[PDB]
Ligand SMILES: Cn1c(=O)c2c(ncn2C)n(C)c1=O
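Only one chain is shown below, in structure tokens, and it's the form deposited without the named molecule.
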């Protein structure tokens, strides 16, 4: 209760932080609170893991190079049902829990959607009571902190562990060795991988609390550690493996250090998984072969993209070289164990490691990969005697010039299930990208539409909305989001609609406070919050948005008195350090913003803000305060998107193309309840066939012309007129994302948005239909499908009893 919590807080402030109320810092208070809450996880964490051992349910291992977790404090309190009591305790202690919460560093061990999906999945799996484990890397530095200097992005090291992470638990007794380089000998006692350099893998466990169910799963993250002065200093080399997260989103960078990270997670993970298996005492541990026949019935490993592809040849290595199992058997058990999820579209995102590199670092794995390919191709040849080109198409090796390994191909042949993350995407993957494989193995390919956890992305980030909905339809929706359809009953309820708007109103107010204390700008709280937050990339097209912003600005100047719905345009996101065009687009946006925000004639009519350091904790703030969600990727480029789901769940209307999950959002809530626009996948194809001539649009649309000329002649960069020539050049001759092609339809759609915004009742009526139809987008629904059609496991509804 409140009294015991205050007592605990004081106890930790004293014994754990070694402070008293007159000397304690804000960070000390945060730590005291964190520990007070953390103590409540222990009992259930221990019992949960003990339960999995006793009952031996099939376990799920989500293997990923990224886990975009954000902060843990508030999420733990909520899932533990502790928030209001801690709220009261901290208040009575004379402190502000909200300020204590801001002390916590984000666990930004991810780039964006891919990493955040893993995070949402862990929460859902814990809530569904599944015996699930998250396996990743404990990066000393996560996604860099972003600063904006003189309009340009500036990176700063994310030293998130500097003062200690109370949410992680070092597990010394489970340390393991990982091998690199060396050579291989095929002796008469099996093949041996020798002369290798060893790097220790130290696991750190972080509790994953299920929502109100006594289940507490585990996220195990590995850190690299080394097994006269210069020699000691050189231990840094081994430790560099888990030093930093590669800041690339949808872009493959074949650096050797990255390959080392991939094998690192994979090696430690699989060895730890096998150790756990061989300790489970599973039905008859009979020596030597020790069964392992039940391994696939007790273990499921999901490959989050191809980053951990090496897991396949690594399991084979363990089964064959160490466990001495016959190849055919090992391969069988291997396919039954692995499942691969594809999240990529762009050619530049595909992982293709040159063989030479892999030969040097992982000689034994290259051999195993060649053997897998050999057996793979033999069969195709067996099935298609007269189709030579089919062989080069399906091989795991691309021989043309420099030889490379197609990691996706390896994942496909080593897994019993391959899934995309959205209907439109899964179809492209199955019928186009991997047509040669799906024809041969139809039933292998599936779709699993992404989802987001309604705990973090609703109960946590928008308590006001969560409360309002609960009051009307009960709390059942938290565990069964489809229940939101009940909200349809209030479609004509004016009072409800009024209450809905107030909540949004309240969120916008709180966020506007944030905006003003952070940026010199003054926000019109009456303005429509137009938001586009996500990683900066050309396919995302924040550039298209920028064109519309300039378009709006030019309209205001031309007619300073016309009827206009005021807007606050917010665009945020990080650009990969080496992504030149992305960095230029940021400076463009900041440039435009400086002109827009300071032009006296526009004044409070329109404000532009480049939201700095967009990350999970910040997302939890801006999303709830949004009116219009920008999801404008070129049709066919956004595999799924998840930010789109968060905005929909939080009371915002969507403006976007028929791409990724946007299509299913339209399916669920009705197309007229979303502002869809632009080319669709078939249109983009026709354009590519006919040939994209950007100038065409430029010379045919005056509003666009003025925008482009202004950018190109220096209207937004007077002291440096040709700053954006790179953007111009790409926009006119190398824009593979057809920005000008969707401009007109985009601007026309935008005007429609404004019209609806003038009608509060109609706007909120559409909002309600969106929220009421967002149920399918709960990651709980996603995981159920995975569990049922891929992992072959079963959700459990129980509860770790405590007192008596």
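Numbering follows the first chain given and starts at 1.
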Going by the record, give me the number of deposited-sequence residues missing between residue 227 and residue 228 as none, 1 to 3, 4 to 9, or 10 or more.
10 or more
Between 385 to 393 and 254 to 262, name whichever shows the higher mean Cα B factor according to the PDB entry.
385 to 393
Higher of the two mean Cα B-factors (659 to 667, 727 to 735; per PDB record) comes from 727 to 735
Just grab whichever of 302, 213, 285, 446 has the top CA B-factor as deposited.
285
In this PDB entry, which of 413, 103, 178, 581 has the top CA B-factor?
581
Based on the deposited C-alpha B factors for this chain, I'd like to know if residue 542 is in the lowest, middle or highest third.
middle
According to the PDB entry, is the CA B factor of residue 753 in the bottom, middle or top third of its chain, that is, lowest, middle or highest?
highest
State the tercile, meaning the lowest, middle or highest third, of residue 784 with respect to the CA B-factors recorded for its chain.
middle
For residue 475, return the chain-relative third of its C-alpha B-factor as stated in the PDB record: lowest, middle or highest.
highest
Quick check for you: using the entry's CA B-factors within this chain, is residue 70 in the lowest, middle or highest third?
lowest
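One more form of this protein, deposited with the named molecule bound, exists but is not displayed; see below.
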Contact flag, residue 609 vs the named molecule in the bound PDB entry, heavy atom cut 4.5 Å:
no
Residue 409: heavy atom within 4.5 Å of the named molecule in the bound PDB entry?
no
Counting only non-hydrogen atoms and a 4.5 angstroms cut-off, does residue 249 reach the named molecule in the bound PDB entry?
yes
Answer yes if any heavy atom of residue 333 is within 4.5 Å of a heavy atom of the named molecule in the bound PDB entry; otherwise answer no.
no
Give a yes or no on whether every one of 537, 576 and 579 sits within 4.5 angstroms of the named molecule in the bound PDB entry by heavy atom.
yes
Based on heavy atom distances of at most 4.5 Å to the named molecule in the bound PDB entry, which listed stretch, 389 to 397, 691 to 699, 474 to 482, 241 to 249, is the contact stretch?
241 to 249
